[PDB]
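Peer 1: Okay, handing you the structure first.
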Amino acid sequence: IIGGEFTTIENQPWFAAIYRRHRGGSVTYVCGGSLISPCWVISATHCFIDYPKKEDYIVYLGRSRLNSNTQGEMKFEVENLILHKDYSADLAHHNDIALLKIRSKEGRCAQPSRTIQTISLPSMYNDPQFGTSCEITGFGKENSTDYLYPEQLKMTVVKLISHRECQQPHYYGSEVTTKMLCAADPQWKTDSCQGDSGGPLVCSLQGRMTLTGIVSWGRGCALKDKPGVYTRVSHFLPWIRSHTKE
Ligand SMILES: Nc1nc2ccccc2s1
């Protein structure tokens, strides 16, 4: 997250931190995700496509720090890693959505607590109007030029951009489809960045906090006329519903 503010997991208790174990034993951060039911985390396919083997991954819930344990956190293995079969990449990632079925070493799913909660899905084809303020959360870079990721979780606020505006040549042209959502700051001063992929774009939809988007792609970070692009969750409900019975 470029700009914005530090936070803790109590302010985004559905946030999942996803790591990969290497041969040799070293563990590195992959991407964010969101707990949508006790056994299911939703994220982005592009985070996993190069290493599609479920055994490679570790998921934490209730974690506020990147490389230290948070009191109360839960650690899970990935029982199933489900990637979208229509995924494609050209800048733009199409159908950039993934499901992780989580399972602890003891065979259990997430147990809700002060630091671990689920986020509601939107109803179909129901999104906030352009100009609406939403929140994004992640452990991604704080500056495009940084090498390190922040040790503490961050969040910021971005505003939804209409498809009409995002499709202008001077924005992203045809790279953006109707299954994607653009969001940015009016001054371009805050944005998602490398390492934020897979995490939640959350909007309040009729009084309910709702998973409107999943961090997917963008040209650079916090650049004029280059918004963050998000998988439009409300266009994938049948896919999510079918695959969460797996
Ligand atoms: N504005 C955005 N920059 C990035 C970088 C990596 C992934 C997602 C995004 S969205």
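Easy rule for this one: first residue shown is 1, then count along the chain.
Per the header: X-ray crystallography, 1.5 Å.
Note that Cβ sites are derived from N, Cα and C of the backbone, with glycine treated the same way.
Straight from Swiss-Prot, here's the annotation block:
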- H46: active site, charge relay system (ACT_SITE)
- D96: active site, charge relay system (ACT_SITE)
- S197: active site, charge relay system (ACT_SITE)
- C31-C47: disulfide bond (DISULFID)
- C39-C109: disulfide bond (DISULFID)
- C134-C203: disulfide bond (DISULFID)
- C166-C182: disulfide bond (DISULFID)
- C193-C221: disulfide bond (DISULFID)
- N143: N-linked glycosylation site (CARBOHYD)
- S144: phosphoserine (MOD_RES)
Peer 1: Near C203 (disulfide bond), which residues of its own chain have a C-beta under 8 A away, given they sit six or more steps off in sequence?
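Peer 2: Set apart from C203 (disulfide bond) by at least 6 residues yet with Cβ under 8 Å, we have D127, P128, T132, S133, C134, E135, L160, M209, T210, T212.
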Peer 1: Quick one: which of the recorded positions (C109, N143, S197, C221) have their CB closer than 6 Å to ligand 1?
Peer 2: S197, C221
Peer 1: Return the member of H46, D96, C193 nearest to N143 (N-linked glycosylation site) in space, with distance defined Cα to Cα and candidates limited to these recorded positions.
Peer 2: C193
Peer 1: Which has the fewest other Cβ atoms within 10 Å: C31, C39, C47, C182, the disulfide-bonded residues listed?
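Peer 2: Each of the disulfide-bonded residues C31, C39, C47, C182 was scored by Cβ atoms within 10 Å; lowest is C39.
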Peer 1: Do any residues at least six apart in sequence from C221 (disulfide bond), in the same chain, have a Cβ closer than 8 Å to its Cβ, and if so which, in order?
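Peer 2: Listed in sequence order: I2, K141, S144, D191, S192, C193, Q194, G228.
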Peer 1: Name, in the order they occur in the sequence, the residues of the same chain whose CB lies under 8 A from the CB of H46 (active site, charge relay system) and which sit 6 or more residues away.
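Peer 2: Listed in sequence order: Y87, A89, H93, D96, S197, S216, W217.
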Peer 1: Do any of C39, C109, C166, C182 (disulfide-bonded residues) have a CA within 10 A of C47 (disulfide bond), and if so which?
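Peer 2: None, since no candidate lies within 10 Å.
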Peer 1: Compared by Cα position, which of the disulfide-bonded residues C31, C166, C182 is the closest one to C109 (disulfide bond)?
Peer 2: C31
Peer 1: Identify, in sequence order, the residues in the chain of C166 (disulfide bond) that are 6 or more apart from it along the sequence and have a CB within less than 8 Å of its CB; answer 'none' if there are none.
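Peer 2: The answer is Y172, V176, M180, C182, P227, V229.
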Peer 1: Return the residue, from the listed recorded positions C109, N143, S197, with the maximum count of other C-beta atoms within 10 angstroms of its C-beta.
Peer 2: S197
Peer 1: Helix, strand or coil for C182 (disulfide bond)? Use DSSP.
Peer 2: strand
Peer 1: Can you grab the distance from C31 (disulfide bond) over to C39 (disulfide bond)? Cα atoms, rounded to a whole Å.
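Peer 2: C31 (disulfide bond) and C39 (disulfide bond) have their Cα atoms 18 Å apart.
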